[PDB]
Amino acid sequence: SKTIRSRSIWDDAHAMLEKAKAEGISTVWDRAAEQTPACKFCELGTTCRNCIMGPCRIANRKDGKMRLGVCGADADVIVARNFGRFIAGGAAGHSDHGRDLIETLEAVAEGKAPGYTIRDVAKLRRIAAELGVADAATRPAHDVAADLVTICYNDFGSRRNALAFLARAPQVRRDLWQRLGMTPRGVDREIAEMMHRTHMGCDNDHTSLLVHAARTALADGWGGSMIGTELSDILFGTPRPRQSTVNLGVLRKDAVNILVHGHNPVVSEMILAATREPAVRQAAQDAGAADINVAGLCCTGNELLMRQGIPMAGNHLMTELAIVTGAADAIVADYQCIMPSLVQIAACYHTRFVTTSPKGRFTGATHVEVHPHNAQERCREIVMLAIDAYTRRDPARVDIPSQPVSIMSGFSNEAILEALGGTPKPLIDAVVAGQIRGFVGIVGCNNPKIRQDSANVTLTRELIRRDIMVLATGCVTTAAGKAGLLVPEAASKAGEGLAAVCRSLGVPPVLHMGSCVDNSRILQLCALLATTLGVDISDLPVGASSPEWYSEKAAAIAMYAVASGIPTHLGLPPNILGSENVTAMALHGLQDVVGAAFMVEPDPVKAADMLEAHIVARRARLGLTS
Amino acid sequence: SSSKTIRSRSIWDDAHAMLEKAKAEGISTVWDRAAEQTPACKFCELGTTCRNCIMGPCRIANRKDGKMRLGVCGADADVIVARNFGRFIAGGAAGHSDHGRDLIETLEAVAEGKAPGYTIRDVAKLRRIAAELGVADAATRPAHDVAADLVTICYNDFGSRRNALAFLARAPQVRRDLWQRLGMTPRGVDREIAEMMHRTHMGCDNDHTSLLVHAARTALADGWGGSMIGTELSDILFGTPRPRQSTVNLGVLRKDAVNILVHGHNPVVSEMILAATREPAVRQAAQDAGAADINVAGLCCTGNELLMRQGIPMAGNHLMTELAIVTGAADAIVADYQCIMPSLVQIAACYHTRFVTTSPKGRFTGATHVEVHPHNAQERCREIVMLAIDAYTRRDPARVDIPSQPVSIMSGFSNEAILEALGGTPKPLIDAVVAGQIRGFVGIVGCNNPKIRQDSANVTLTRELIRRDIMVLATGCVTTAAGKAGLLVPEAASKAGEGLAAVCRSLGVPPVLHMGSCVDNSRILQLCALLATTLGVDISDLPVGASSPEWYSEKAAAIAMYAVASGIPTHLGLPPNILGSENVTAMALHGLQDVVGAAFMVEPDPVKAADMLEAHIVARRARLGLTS
Ligand code: SF4
Ligand code: SF4
Ligand code: FES
Ligand SMILES: [Cl-]
Ligand SMILES: [Cl-]
Ligand SMILES: [Mg+2]
Ligand SMILES: [Mg+2]
Ligand SMILES: [Mg+2]
Ligand SMILES: [Mg+2]
């Protein structure tokens with residue numbers, strides 16, 4: 001099928017799309033076609049529903065009519081408020097994630113979280129000391145955890161002048177944020193202030209709205225997400241390099257297949273632990289399975305990969321196709337980026353669709369709510385549901401289409417520094433010498449507007465060919481992994497300088513750094529490099545790219561990268577092109593404010609050209625002559 | 001007016017006169033733009049459109065081929081509409097949240113000695129509120145120590161560690177128990193807003209019932225959190241309202257004075273503007289410029305506040321705001337945030353009027369920004385008044401048309417003022433309800449909306465209710481409506497039924513009690529909670545109602561939602577953008593009755609709205625066993 005071929009570059013996606021068509025199962029691609037053409041006002045951002053004097057639409061008419069909303073707001077204000085609420089939704093997605101990790105560490109510190117513990121005590125004491133906990137090196141671990149919990153919760157309060165982890169940013173960058181009124185103060189506060197500013201008759205200046213959009217996103221990258229990453233390492237272990245596999249072939253016909261979907265390792269890590277209990281394994285054996293096979297989807301899959309080496313079944317647009325294999329006995333979901341279509345596709349099979357979060361409710365799902373105090377009991381119950389579902393699997397409808405592809409994961413900053421000998425100097429020396437021209441974080445989603453992973457893979461291949469090391473997070477992990485680029489042998493696909501450094505270190509030219517929350521690791525790495533060199537992040541040869549993004553979370557990441565000084569490419573435009581002034585600020589004006597700007601470019605080769613050009617300009621401003 | 005169009009836009013002569021003047025001068029008004037935006041987009045109107053990711057944007061249609069039944073992610077009309085309504089409520093809750101937060105920061109600055117010109121105006125209320133919320137020895141410790149501890153309690157409600165907001169303890173136990181089992185208990189003022197934005201991200205909360213339950217939780221975090229903190233701390237800093245006389249309508253502007261209109265919500269600004277205008281050297285500068293004096297007049301909620309606490313006359317409500325500039329006598333607008341139409345900047349530029357912004361959150365392209373904070377407000381507000389005096393020297397006398405004589409009103413009915421008028425306890429009020437002299441109470445709290453002839457429904461409903469012996473509690477835009485109708489004075493007892501007239505005359509109060517700004521709808525919650533606790537019943541058992549006949553804003557929807565979720569039947573004149581989902585609509589109008597003991601009503605006929613509100617009151621009186 002030419003239609004099926006154009007929807008993905010991967011054979012496992014093609015096979016399941018053929019199977020879905022034969023069974024009459026509609027997919028995300030089919031509904032994307034139904035929603036094309038899109039509403040032009042919605043696509044341009046020139047529409048507002050923020051009060052019932054409206055709703056309003058804006059046009060650029062020579063007769064002057066419909067230039068303003070009923071309240072008098074123009075296209076610049078309307079577009080900027082819509083973009084601000086878009087970013088606020090993304091920041092909120094990460095904020096609640098981080099909040100749940102604080103709650104879990106608190107429960108551990110109180111001794112009220114059976115099955116949870118502090119699995120990286122050394123990092124707990126290091127992070128606590130970094131953030132000002134007294135005597136963090138020597139006091140009892142649960143006391144230190146309690147004080148760290150208080151620091152993190154206070155960043156979710158309204159009394160700080162700056163978030164705790166913001167101290168990692170170089171002084172020049174913190175001074176810039178302070179002058180601009182961009183310093184993030186509270187993780188929830190900035191989100192709430194964005195919703196206030198975008199109410200009718202509050203903030204009606206597009207520049208002011210975009211500045212607070214930056215502040216809101218910064219409260220994610222340096223707050224909600226960074227707290228989420230660092231406490232996740234403390235509770236579940238700091239990632240270290242390890243081998244795994246990727247694609248739909250990680251599912252096993254002879255096993256109970258449990259797919260974890262969403263973002264919360266507080267659930268997926270306890271699901272994994274339940275599948276390892278002797279009586280649970282025995283129940284699977286008694287049902288006829290060879291054993292129990294946990295496989296990851298989305299960000300929670302990324303995190304199980306980073307910390308446990310659990311193979312990943314696929315990324316965003318693979319999620320429906322994973323069920324169509326007919327071998328998914330249960331989907332265990334928490335929250336964010338979980339398409340509700342999965343509930344209906346699971347209903348075409350035996351698959352149990354289990355929700356676990358009070359925030360991730362799906363009509364028709366089997367809800368087994370998980371909290372730290374009951375997770376060990378509840379996750380055992382969920383695995384037993386999966387084993388029962390396995391007994392009802394129809395063998396005539398099973399088709400697992402591929403052989404899994406080997407990958408290497410686990411490149412936390414701690415792992416990178418260890419591979420470098422303990423200091424960033426060997427990496428800095430390679431950048432100075434020109435063996436590594438720079439670094440690009442490729443961090444985006446999938447989007448039905450783009451042939452799945454075609455841009456993700458092409459950009460990754462282009463950058464490493466040009467001696468630009470790629471840091472991969474989120475959906476891009478599966479893309480690069482299936483492309484064979486997440487292994488040390490992929491140094492053969494890099495340019496001569498990057499290949500030599502990778503082979504000297506024994507690492508791939510593409511480093512898996514985790515989930516979308518773990519883009520905070522990229523912020524930490526940039527801050528460390530800038531601080532070591534005595535410059536701003538906006539002076540580093542770095543970039544970020546989201547070639548196939550779709551979510552509000554992805555836009556929030558892009559915004560906090562830009563606001564932190566990282567040039568950021570998007571494959572597709574946000575819904576802002578109805579305002580030339582807002583668009584010009586995003587693409588150009590922000591350069592003269594925060595030292596970086598957005599780029600929109602659907603050709604991944606041209607995107608590589610633009611990212612390299614920024615890196616070349618940054619190298620020149622550092623005076624590098626190589 | 002002789003123009004049928006102009007007559008159709010408002011019931012008031014001062015609005016008619018300025019609409020004629022605006023048209024003659026080529027000034028476009030909110031009504032003109034409302035016509036340009038009619039007809040509206042059908043999907044936006046119905047709520048069946050989604051822009052929450054760029055897999056979309058999506059529209060939900062009812063087609064024969066079954067296409068466009070779902071968004072690209074698979075979400076149906078119920079989820080999309082519920083998420084849109086949830087973000088709508090969160091925007092309104094956030095409007096009040098930041099307001100309340102700024103009052104905490106101001107009280108903190110006073111407690112620290114870092115707010116020149118600000119004091120604790122009501123120390124007795126400070127000690128009472130602090131003791132109520134658990135401050136140790138609030139009755140005896142130094143006032144600034146007590147204030148610092150109250151500040152900490154309020155800030156903790158803007159944190160993430162509480163199981164329930166501090167003021168929620170005012171609600172009856174039966175209501176708190178119900179919220180707890182529903183998962184509706186508000187925990188943190190900012191937290192519920194942030195969680196709503198998380199739930200409405202693609203692929204998070206995809207159950208319309210869950211989404212509406214959290215919308216109720218988010219709104220409750222406003223009414224019992226952001227707004228109630230705002231009200232109580234505003235009383236502490238600026239005084240508890242007491243009954244007093246004032247005036248309303250565009251005739252409160254003075255041709256012979258420097259006219260300064262305060263607009264927005266923040267008394268932290270308006271009280272210091274007023275203080276600056278009373279300084280002898282500032283008054284002398286105005287007189288040296290040719291003015292008799294400086295004349296402060298209120299708009300919107302900050303006008304409501306200055307009326308309640310200082311008796312400052314109010315120039316008008318929402319749809320009067322553009323028309324106030326068209327008088328040609330507005331020498332300055334001093335704005336802070338919320339419900340300030342950006343059209344006012346352009347209309348001000350048609351005149352001499354200075355448009356001054358004061359909040360880092362309320363930025364308007366082209367405005368004169370003079371940012372106000374507690375530490376500099378005394379100095380900055382003086383600078384702002386001097387800007388107004390300078391603007392006055394540039395006023396064109398030939399373009400001045402102040403069209404009416406002001407109407408006398410009575411304001412200041414805080415709960416403290418009501419209880420004092422009753423002799424100290426609610427018992428005489430309860431006795432009048434039991435005796436059937438007052439059948440019940442309705443808060444009329446809404447906005448204006450160009451979809452409805454200005455104040456036609458506000459005034460008709462108010463008249464209908466008091467005629468039926470239902471006392472009206474008026475806040476927000478309705479204050480100006482009831483005031484211009486002559487209903488905010490004790491003599492208006494003649495317009496009420498026999499029972500309400502007798503009670504009003506025995507107390508010397510109007511049949512319509514002005515209880516303040518939109519933040520002060522928290523006073524109505526406190527009153528309902530007090531009556532329910534005193535009677536030993538739920539708020540859902542009281543003969544009460546709420547009504548927003550001409551609403552427009554997200555803030556107004558959040559107020560309506562927290563009224564419903566607290567057990568108060570709530571009427572809206574116009575539907576929220578939800579009718580594209582029958583299930584969400586049915587939940588709002590009917591299903592919530594069997595969840596929280598109250599529901600929304602949508603009814604554009606104010607007489608029929610009166611019938612529906614009365615029928616609820618009749619049923620609650622029956623459930624209380626009243627036979628009168
Ligand atoms: S806020 Fe202004 S532009 Fe938006 S819907 Fe309301 S009147 Fe229209
Ligand atoms: S969240 Fe779902 S319904 Fe909304 S725009 Fe995205 S794909 Fe469409
Ligand atoms: S659907 Fe209403 S403007 Fe796009
Ligand atoms: Cl004292
Ligand atoms: Cl509590
Ligand atoms: Mg706990
Ligand atoms: Mg500022
Ligand atoms: Mg302060
Ligand atoms: Mg619950």
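Every chain is numbered from 1 and lettered A, B, ... according to where its sequence line falls, protein lines coming before strand lines.
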Out of curiosity, B:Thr480 OG1 to B:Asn249 CG, how far, rounded to the nearest 0.5 Å?
9.0 Å
When rounded to the nearest 0.5 angstrom, what distance separates OG in B:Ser343 from CD in B:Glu322?
3.5 Å
Taking distance alone, no hydrogens or angles, what donor-acceptor pairs closer than 3.5 Å link side-chain atoms of residues 400-410 of chain B to residues at least two apart or in another chain?
none

What residue pairs, at least two apart or across chains, pass salt bridge (charged side-chain N to carboxylate O under 4.0 Å, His left out) with a residue in residues 257-275 of chain B?
none
Applying salt bridge (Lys or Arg N to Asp or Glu O under 4.0 Å), can you list everything that pairs with B:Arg463, at least two apart in sequence or on another chain?
none
Can B:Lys484 and B:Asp14 be counted as an ion pair, charged N to O under 4.0 angstrom?
yes
Electrostatic pair B:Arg399-B:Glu25, nearest N-O below 4.0 angstrom:
yes
Mutual orientation of the aromatic rings belonging to A:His196 and B:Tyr337 [parallel < 30°, tilted 30-60°, perpendicular > 60°]
perpendicular
Please work out whether the ring planes of B:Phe88 and B:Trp551 are parallel, tilted or perpendicular, with thresholds of 30° and 60°.
perpendicular
Closest heavy-atom contact between B:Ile466 and B:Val512?
CG2-CG2, 4.1 Å
Do other residues, nucleotides or ligands put more than 12 heavy atoms under 6.0 Å from the CD atom of B:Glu383?
yes
Salt-bridge test for B:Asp256 and B:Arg254: reply yes if a basic N is under 4.0 Å from a carboxylate O, no otherwise.
yes
Might you point out which heavy atoms bring B:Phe413 and B:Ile418 nearest each other, and give the distance in Å?
O-CD1, 4.0 Å
Less than 4.5 Å apart, any side-chain heavy atom of B:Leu306 and any of B:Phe238?
no
Between B:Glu371 and B:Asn376: side-chain donor-acceptor atoms closer than 3.5 Å
no
Of all heavy-atom pairs between B:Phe355 and B:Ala348, which one has the smallest distance, and what is that distance?
CB-CB, 4.3 Å
Count the heavy atoms of every other residue, nucleotide or ligand shown that sit under 6.0 Å from CZ of B:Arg244, and state whether that count exceeds 12.
yes
Residues B:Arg363 and A:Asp205 bridged, charged N to O under 4.0 Å:
no
Salt bridge flag under 4.0 Å for residues B:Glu279 and B:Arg382
yes
My understanding is that only residues two or more places apart in sequence, or in another chain, count here; which of them pass side chain to side chain donor-acceptor pair (under 3.5 Å) with B:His514?
B:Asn304, B:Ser411, B:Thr479
Apply side chain to side chain donor-acceptor pair (under 3.5 Å) to the pair B:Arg121 and B:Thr240, showing each step before the final yes or no.
CA-CA 8 Å; B:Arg121 283 291 179 182; B:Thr240 297; over 6 Å; no
Stepwise side chain to side chain donor-acceptor pair (under 3.5 Å) test for B:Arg354 and B:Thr368:
CA-CA 7 Å; B:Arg354 279 276 202 171; B:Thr368 302; 2.8 Å; yes
Shortest non-hydrogen pair, B:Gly239 vs B:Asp122, comes out as CA-CB, 4.4 Å
Less than 4.5 Å apart, side chain to side chain, heavy atoms only: is that true for B:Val269 and B:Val334?
yes
Checking salt bridge (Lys or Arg N to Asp or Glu O under 4.0 Å) for the pair A:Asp76/A:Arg81: CA distance, chi angles, key distance, verdict?
CA-CA 9 Å; A:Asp76 294 342; A:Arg81 295 190 301 204; over 6 Å; no
salt_bridge(B:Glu36, B:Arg33) N-O dist < 4.0 Å
no
Does any non-hydrogen side-chain atom of B:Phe441 lie less than 4.5 Å from one of B:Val472?
no
According to the salt bridge (charged side-chain N to carboxylate O under 4.0 Å, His left out) rule, which pairs have a member within residues 257-269 of chain B, sequence neighbours left out?
none
side-chain hydrogen bond (donor to acceptor under 3.5 Å, both in side chains) partner of B:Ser227, chosen from B:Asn521, B:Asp520, B:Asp222
B:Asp222
Assess whether side chain to side chain donor-acceptor pair (under 3.5 Å) is satisfied between B:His265 and B:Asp336, documenting all intermediate values.
CA-CA 7 Å; B:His265 294 69; B:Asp336 45 71; 4.5 Å; no
List the atom pairs, with distances to 0.1 Å, where a side-chain N or O of residues 295-303 of chain B and a protein N or O form a donor-acceptor pair under 3.5 Å, not counting sequence neighbours.
residue, atom, partner, partner atom, Å
B:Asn295, ND2, B:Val252, O, 2.9
B:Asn295, ND2, B:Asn259, OD1, 2.9
B:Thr302, OG1, B:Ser270, OG, 3.0

Worked check of side chain to side chain donor-acceptor pair (under 3.5 Å) between B:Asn449 and B:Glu550
CA-CA 5 Å; B:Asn449 189 313; B:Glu550 308 177 17; over 6 Å; no
To the nearest 0.5 Å, what is the distance between CD (B:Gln37) and CG (B:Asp32)?
12.0 Å
